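Undergrad: Kindly return the folded structure for what I paste below:
(6 chains)
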Amino acid sequence: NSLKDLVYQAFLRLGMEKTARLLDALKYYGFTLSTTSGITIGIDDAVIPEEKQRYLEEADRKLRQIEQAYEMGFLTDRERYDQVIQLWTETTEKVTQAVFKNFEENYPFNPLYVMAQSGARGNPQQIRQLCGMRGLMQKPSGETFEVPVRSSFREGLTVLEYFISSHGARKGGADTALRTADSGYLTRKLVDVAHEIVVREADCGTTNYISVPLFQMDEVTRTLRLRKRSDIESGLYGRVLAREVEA
Amino acid sequence: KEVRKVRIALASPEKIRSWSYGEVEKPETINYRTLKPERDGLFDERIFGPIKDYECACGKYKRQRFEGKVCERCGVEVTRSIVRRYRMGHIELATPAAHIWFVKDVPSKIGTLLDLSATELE
Amino acid sequence: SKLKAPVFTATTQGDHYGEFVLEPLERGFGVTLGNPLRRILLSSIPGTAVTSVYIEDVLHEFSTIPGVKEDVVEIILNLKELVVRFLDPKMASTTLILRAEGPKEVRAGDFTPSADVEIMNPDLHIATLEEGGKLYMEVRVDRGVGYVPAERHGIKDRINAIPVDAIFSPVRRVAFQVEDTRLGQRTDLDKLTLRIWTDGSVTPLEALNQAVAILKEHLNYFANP
Amino acid sequence: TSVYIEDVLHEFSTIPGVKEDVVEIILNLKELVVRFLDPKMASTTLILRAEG
Amino acid sequence: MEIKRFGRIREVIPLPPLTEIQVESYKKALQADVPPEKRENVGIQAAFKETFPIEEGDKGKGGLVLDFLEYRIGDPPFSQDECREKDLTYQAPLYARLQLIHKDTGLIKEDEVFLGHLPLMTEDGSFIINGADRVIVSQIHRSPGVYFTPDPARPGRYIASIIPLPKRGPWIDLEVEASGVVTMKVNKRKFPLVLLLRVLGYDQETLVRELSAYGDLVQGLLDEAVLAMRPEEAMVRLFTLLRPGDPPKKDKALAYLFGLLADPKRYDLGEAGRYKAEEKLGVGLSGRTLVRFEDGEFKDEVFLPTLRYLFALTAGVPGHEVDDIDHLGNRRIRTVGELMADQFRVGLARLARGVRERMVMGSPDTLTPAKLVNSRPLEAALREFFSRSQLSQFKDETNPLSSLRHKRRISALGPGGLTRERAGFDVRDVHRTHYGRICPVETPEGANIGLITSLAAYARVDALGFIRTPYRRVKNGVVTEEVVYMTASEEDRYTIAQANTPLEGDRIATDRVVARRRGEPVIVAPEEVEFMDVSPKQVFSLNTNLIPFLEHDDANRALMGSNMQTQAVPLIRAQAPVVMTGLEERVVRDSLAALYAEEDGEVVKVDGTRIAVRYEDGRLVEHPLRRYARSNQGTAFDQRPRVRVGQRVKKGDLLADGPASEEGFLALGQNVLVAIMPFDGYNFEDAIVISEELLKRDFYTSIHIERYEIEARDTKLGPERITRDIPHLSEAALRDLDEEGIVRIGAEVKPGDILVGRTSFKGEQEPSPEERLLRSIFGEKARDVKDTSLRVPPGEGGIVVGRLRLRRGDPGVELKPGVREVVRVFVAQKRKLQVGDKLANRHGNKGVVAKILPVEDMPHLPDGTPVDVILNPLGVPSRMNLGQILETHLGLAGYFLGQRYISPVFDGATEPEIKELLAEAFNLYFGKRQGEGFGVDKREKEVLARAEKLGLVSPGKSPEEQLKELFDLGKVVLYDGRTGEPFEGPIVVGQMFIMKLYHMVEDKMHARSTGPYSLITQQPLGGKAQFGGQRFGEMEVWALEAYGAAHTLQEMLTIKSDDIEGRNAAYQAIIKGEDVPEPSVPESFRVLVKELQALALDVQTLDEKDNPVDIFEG
Amino acid sequence: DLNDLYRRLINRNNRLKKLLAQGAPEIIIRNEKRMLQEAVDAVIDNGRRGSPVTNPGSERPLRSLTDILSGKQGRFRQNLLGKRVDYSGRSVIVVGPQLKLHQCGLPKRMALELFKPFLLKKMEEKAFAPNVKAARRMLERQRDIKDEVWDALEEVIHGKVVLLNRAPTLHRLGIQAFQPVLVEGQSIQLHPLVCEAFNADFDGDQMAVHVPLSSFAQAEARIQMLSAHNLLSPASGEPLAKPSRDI
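TA: Residues are numbered from 1 along each chain as shown, chains lettered A, B, ... in the order given. Next comes the structure:
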């Protein structure tokens, strides 16, 4: 994000020419640097937040209390099954954010992290599976076994957890699959239509304009709220005002 | 002057003939043993353009200028080997015709302009 | 083996900087050469700078100064940029005397005339004072070698004056890069480019010459005794 | 810099009685070292021979 | 070297004899080694017998029949090696014994009647069809029975299913629609099913009985009181709506397939078809959809118990539920031996209509078998099979693994009974079944993903293709030795437990036991246990097992590794991965590409060309060593002597290695020393750096043999000879063609240089333009017999080493229609590494190279020795393949420690166990350094200086320790050879096993300024002298359009392709350097306009003022 | 394949052209013209009705005036689908760390074959190599070029650029231009940054390289297609030459 702006920015108040050179050196300067400062990947750096135990521990316990709460009748099979689920996911999210908090107060230069923080590689997600843990999987028919994946890749995930954590890559490999084929399917049809449309004049001469929506109307709550950052830009960016505005 | 439109007009008997340069009112064309059309046919060059470089089928002045190459018994106009790529021909037919595309397209361009029981009739 | 001798060009500036360029080079040598040279430019180099700073009125880089606009800490840094040179062949140590007045703008040349030594950058902001502003300034200077933090030597010329960070390393910045040009069916042929930035003292050129000669002499020891 | 063996036309060959194969042969030679003693010595050719 | 082996759980049984899917299946089909009176059906037996009591039109009256007794196997008209050099189908004559009784009687048994060439299998598992080898693969289709399932174009309602074995019965679907009815779909037909209920003896009150009251859908299937009539009458509204053209009461001549006997309908002998259509249906069925000739009419069996679960399914009660159509207990597998047998019900098909038409025209007395049959329909239909069907695949001979990998495959595709290339989002997916049967991480990247796949190690297919996977039985708390190979439908009711789970001596150890039931993963009580898997290997595919630390790799970036490991190409100084998994060795043996000894004896003669032994008084065999022969990809595998000339052997052990093998162990690539880190963006995004060092040691070098061929035909302009005599060729050229047209062996090849002369007459014409400017590039105008010799295609080449010759007429050499004399020259090449070449780890880190750097650069360790490959980190994060990083650690370990280890599937070593040797290596390694007299220097400490500030090192401990501490932490300090200063951060280093893949730039890469202009389309194609001709698609253009690339667009649509004018025009243009193009009017435009008129319609042309054009000027 | 149609088309128009000249048996004249059309019929739109022409032997439909024009590369589509360049060349791509942005790969080997022309003449225009064609002969002496040569190849390209492209191009960026440079190794060298666009990966993927001649197309390129002049994604007015995944 940072530079990007600069990037853009720079360009803003400086000719494309320059813009480049900048882009350039960065490339360089960073590189050679991104190496002088020799970082690496030694599994140990694949940190696990001490609180893993206490978390998979205190959580492991909230279960013997919802199944021993079921033994009687406190919960239907439905009121029950939605608890072991909304269970591990609450804890799961603890795993996530926790291994991270520890990731700022201790080891703020840890390979992985830094990356994810900076732009390098790594998203909020992934990192997790590495260190803290994965979570619950999606069945083949969109379901989720009430049995989690405690292990984390840093640890040699066991036999079963794999056979269930598997689906994901291929049912999510069907995407990269059938999602690649259809050439540009969309693209084409598209094309054929507006291949005409081109800047053919300066000002249609029209007075007519458009009313841009800044505040979304939640078709559910009906309560209001302005739009999110981006959207906007991609709604006004470079637009052309039709009837001057005061504010 | 260069193009600035393309209008598709129909096909007229008079005009189909107008073109064709030749008149393949003749048999089959090829000859494998000896590469040569077949005394008037699908490749008779005499009617189209010369297969080879300028030259006839027997040999004449492959001269750049003069304009209008032919012979005694070798009327193969001498104007390069490419033009074999556009000069058409024709088989002045026996009697009637139907460029299907007016018969079995979609609306039946003829079996409409004249009713003719939509189809089955034509 | 083959390969001819390099082409040594040099786009000089005047006093600072210098884009020297040697072209013809077989793989590796690019780095080989430079790197160490760099490690000499910025390392052992003959030069001079401030070593102590007496300032009549208040001792402590962390005090206050009436009559003055800036503060001790600054005069310090401003004093560093300052550079002087030695005309006497073997006198590795001089004392300088700065004299302030009422309302003025201290300048690097306004330093005690004296012949034996030479102020090289007469202008420098140094300081600037209000109405009736005092500033005697026993500024001691040394013939150093590279960089010696004001916190390694502990200077002792006077009792209320402050020692400082010796920046007597003419070589103020040196960067290179080994791009590779072509000369025949070959294209990965090392192409070095050196750039040494220096204060108005010793020309970058010499910055190099002296470097080599040093690194040179520094090889004659691998002799065979 | 190079070699030569009896009835051999290419590096990818075999010889009756040798469990190697040019390769196995070649890769064992590339390595070998030889002291030249003389400065004049621009180059020379060694030579070996096997039996029974 | 010295090998340690981690984890226990002793494999109660090694792994299946692998190649079992092709050999053990093909031998129990073609039983030529078992008395002919015996043989318990299937394969050729059940094929000759399903169609042999073959009568003759007219039942009883005029004679002529023809039956079966036993079938005789043929003997190889040729041997494995010849049938290959000579282009033969290594088939094998197959005779059968016929005898046909007449009406007047006669026992005329014509002694073996040739029916057709049936190809024999190989020890391998592949065949020899028209030359090379192919892999008759094993598909997987929907196992017979009945399940029903919901309705697709009508939610809420249900459709019924009746699937018998395929190619032996019709498809039947009882879908209930909105009209109220319950129509019957059969072979593309949708008629009122009420018409088939009455045919099987059902009234107007027993269709309302057993199935009304509940579900008022029976009052739609009912009111049709015009067809709720008579028995032999509901047979003519069925034979006049199922088969038009014939209204006779012979509606039990056709209505006689789809039911009784087994001519068509039937789902196995009563197995999947019955044993399944019994438990879920209305119990009790024998073997066909109902039955005919019983006493007179048809006594229904399975068109009502399934019509009592489909309507009680569209309302219904419990027990009546949908079936899962992708379950394995619900899925089958067509093995090899049977797929040829099914091309025998098709080989014996167009043959049971080549006689039943031969007994109508020919005298019925003058007849004896071998005079009624022609035997062309089993050759043309059983040769058509090994020569065309999408399943008969080439055979990946890259390495030996892939070879086998191929075999293990499982396809859905297929000739008819299969899946197209546009469906499957309820199958492709991995299913709660597969567990131990069909690996889930072997399928291909995209395009096909899913449908295709490799079997799960141990698992075996059996009986009616039911996958069966090994489990170990317990005595409810105790632990047996007995092992349970069982089907899936036999697994959905057992509470199985991991093998991973702690077991003391021989039983259960602890109370918190992890177990699964049906498919759900739950924790179970120690004696609440039925079974327990034999191990995890039992779970992953074959190669998906070679993975060392799979325990720590994403699931996605993994298959990549099991895969790719296939596109693995061999090298010379090969070497097996430092970290293995056992099987590592076995793979090499079941592949057979390595040479072993049946009985133990001792070797006597030993050389590259052979190996003679003298087994224990069992004679003295002497198997040769295939030396430098070509694969099919090209590869070039060759076995190699790896034994001495004097030593008692070990009952059959590596009698010498194979291609990428090292003394019995699979050596895909070469474990090398790696350094994980970023270099000047020299491995960037997914690139990799190399040290000249390997080229030095010539470490990563591949051998490859390209196969060139030629054909000389018979023409009108004369026959195409081939002599070492061809005009204008300057001797210095021919120079290496002693063979009288062929290149001699051992000749150094170049491009354009001659390979195989071949003179053809042709001509009869005169050159002209667009080839007389070139031309003299191909002639000097000319000759009465032209060059047309082979010549080396641009780039390729190498050193020859093999020539083959034929000529229409040799004993077995059979040339096509028009051809005479063949030739094939074989030239190979060394290939080392070339910036860009492709390579990766089993852990899915595919990565090519961009910068081979000198041993002067190459960040080296402190003790001088430099790394090899720099494996930047970045490529690890977003993907989750830790383990690879784990291999590196073990690496450095295995370096100083001097060894190899085996970290099997989820059984490998461990962080606590590894740190152990890692330090165990440091204590050693360093003992080496302090012993020399040194002990860490400024460079190092300075690291450790920050190594602590970074908390990886424990503060307050001697420099020395901060090292070990760190060392054990799998990293260390690294020096950048370029600058004396080391890196400022410990660096993870170690030995990483890698490989070289199929792709190698050398075969890609091209460029064409001009050259071969097609004559068809009028544009750049092929390439005799100079080569290539890049394509250009819409996308390209649109974007081109994107930019106001006007010309860049036009010049991209003209003088660089069709518009003949230009290309020359232009071509010339530069030869002098002018503006160059400006083409008059693009070719194509005219073309079209003309392709137009060449189909009526003027297609004129005007401007702005609307006026006549002049679009053709000629 | 078309020509075999026009065939019978003449076959009939001649066989009946006779019947009328002699022998007026009504019924026949009829059974004949019935083919006259069916002739054309086929030739034009063979496929129609329910009976495709049977070449004596195969069962292959054989084109027709219809088919031919009927896209599937039928004179209409064939254009916006393919065609094959004259100054083309593809290859595997690799890091161009050193390479300054606007710069680019191209190893001598191909780099030459992909310029034969210009080189040639430029050669003559230089004291070396007497006559044009004469020159043609020296760069055909199998391999191992001379020195002076290259020098040329260089003064040869200094100034002109080339276009590049990954496999599934998609956006104008999908292709760019660069002052290519000669460089060892046979693969193609490419600058970082770009990657983003083509979704430039590094696993042996490859790209293309087209050569423009028109004093026009050339200019067109660099001033409209240089990655350098094109930094931002119209797709959303934000950067693309964005440093990253390391830098």
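
Undergrad: how near is the residue of the stretch 751-900 of chain E found nearest chain C to residue C:154?
TA: The stretch 751-900 of chain E approaches chain C most closely through residue E:856 (4.3 Å), counting by C-beta to the nearest C-beta. (Each C-beta comes from the backbone N, C-alpha and C, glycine too.) Distance, residue E:856 to residue C:154, using C-beta to C-beta, to the nearest Å: 44 Å.

Undergrad: Ok, residue E:675 next?
TA: According to C-beta to C-beta, residue E:675 stands 44 Å off from residue C:154.

Undergrad: Can you tell me, leaving aside adjacent residues, what's nearest to the residue of chain B found nearest chain C?
TA: Across chain B, the shortest distance to chain C (C-beta to the nearest C-beta) belongs to residue B:53, at 41.1 Å. Spatial nearest neighbour of residue B:53, chain neighbours left out: residue E:768 (2.9 Å); criterion: C-beta to C-beta, 6 or more residues apart in numbering or on different chains.

Undergrad: Is the one you found in contact with residue B:84, as I believe?
TA: No. If you go by C-beta atoms under 8 Å, residue E:768 and residue B:84 don't touch, sitting 11.2 Å apart.

Undergrad: overlap in contacts of those two?
TA: The contact sets of residue E:768 and residue B:84 overlap at residue B:51 (C-beta atoms under 8 Å, 6 or more residues apart in numbering or on different chains).

Undergrad: Between those two, which has more neighbouring residues?
TA: A direct count of neighbours by other C-beta atoms under 10 Å in any protein chain shown for residue E:768 and residue B:84 places residue E:768 higher, at 17 against 13.

Undergrad: quick one: that one and residue E:386, what's the gap?
TA: Separation of residue E:768 from residue E:386 (C-beta to C-beta): 48 Å.

Undergrad: ok so, going back, helix/strand/coil for the residue of chain B closest to chain C?
TA: Secondary structure, DSSP: H, G, I helix; E, B strand; the rest coil: residue B:53 is coil.

Undergrad: thought residue E:369 was touching residue E:108?
TA: Yes. Between residue E:369 and residue E:108 there is a contact under C-beta under 8 Å: 7.2 Å.

Undergrad: which residues in the chain form strands?
TA: Picking chain A for this. For chain A, the strands defined by DSSP state E occupy A:215-217, A:224-226.

Undergrad: Chain C was what I was after
TA: C:8-12, C:18-22, C:48-50, C:52-53, C:84-86, C:93-97, C:117-119, C:138-143, C:162-163, C:171-181, C:189-198.

Undergrad: Check which helix or strand the one residue sitting closest to the centre of chain E maps to.
TA: The centre of chain E sits closest to residue E:406, judged by C-alpha atoms, centre = their mean, with a distance of 4.4 Å. Here residue E:406 sits within helix E:400-408, counting by DSSP states H and E.

Undergrad: Counting neighbours, what do you get for the residue of chain C found nearest chain F?
TA: Ranking the residues of chain C by distance to chain F (C-beta to the nearest C-beta) places residue C:184 first, at 4.5 Å. Neighbour count of residue C:184, defined by other C-beta under 10 Å: 15.

Undergrad: Alright, that wraps it up for me.
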